[PDB]
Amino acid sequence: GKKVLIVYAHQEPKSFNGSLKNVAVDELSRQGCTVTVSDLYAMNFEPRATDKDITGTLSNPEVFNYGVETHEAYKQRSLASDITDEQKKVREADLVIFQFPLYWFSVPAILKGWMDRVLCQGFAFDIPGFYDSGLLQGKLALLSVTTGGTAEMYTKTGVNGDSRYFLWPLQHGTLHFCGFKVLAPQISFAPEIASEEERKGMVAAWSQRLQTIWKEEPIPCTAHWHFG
């Protein structure tokens, strides 16, 4: 028995991202997995890292330091409940899938805020207690990303460089840092450009990949994998 959290960042249910999220839910549900979706836009999820994220007495009220104050708030249980709600979902999950359109070679800001606010020190990592010693060790993570650019454009000799270059901050700097084993990303290239058959193909490839997701090995989340 397995628990899956899908962190989903798209404004439009009828979008290609919406379809990818829906087939994920359908297929994991069919397998008998426990499935939860955090639909960040529908939740109006707060992306800003602010002093509103701590409800208790601040450790240093004269000079506000977000990292210091959230680490302390986590230990004291004085974090805002929207953060601790998300942390519960992550804690219980065996696999976390991020479903999002690529925005400026990265996640949309609303999802960036989820990373900034939910993955605090004490919960997701400590110093020491990061990368292979990260606190979310034992969990799997997977990026399911859609692009405007074609696969052509995302090659080493294309304008945008290889797709793996833009994965580094997310796969390594965030997920690996927190101790996740990272599964190979699912990149669905340029669905707005693609034909009807090509889009249906991309949806079914994801659906089909999910059938055997629990048999996959993680990537070696290293500089060499990303950059060669």
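Take the two forms, superpose them, and find the largest set of C-alpha atoms that agree within 1.5 Å; that set is the rigid core. Quick note: we count residues from 1 along the sequence shown, nothing fancier.
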(message) Given a rigid core fit, name the stretch, 105-113 or 123-131, whose C-alphas are on average farther from the form shown here in 9 other deposited structures of this protein.
(response) 123-131
(request) Report the stretch with the higher root mean square CA deviation, pooled over structures and residues in 9 other deposited structures of this protein, choosing between 49-57 and 181-189 after a rigid core fit. (result) 49-57
(request) Compare the mean C-alpha B-factor of 193-201 with that of 26-34 as given in the PDB entry, and name the stretch with the higher value. (result) 193-201
(request) Mind pulling up the entry and telling me whether 101-109 or 146-154 has the higher mean Cα temperature factor? (result) 146-154
(message) Highest Cα temperature factor in the entry, among the options 116, 94, 126, 85: which one is it?
(response) 126
(request) Using the temperature factors in the entry, find which of 183, 63, 175, 68 has the highest value at its Cα atom. (result) 63
(request) Taking the chain's C-alpha temperature factors as the reference, tell me which third residue 225 falls into: lowest, middle or highest. (result) middle
(request) Going by the recorded CA B-factors, say which third of the chain residue 171 sits in, lowest, middle or highest. (result) lowest
(request) Using the B-factor values recorded in the entry, state whether the Cα atom of residue 43 falls in the lowest, middle or highest third among the modelled residues of its chain. (result) middle
(request) Can you work out whether the C-alpha temperature factor of residue 49 puts it in the lowest, middle or highest third of the chain? (result) lowest
(message) Using only modelled residues of the chain, where does the Cα B factor of residue 213 rank: lowest third, middle third or highest third?
(response) highest
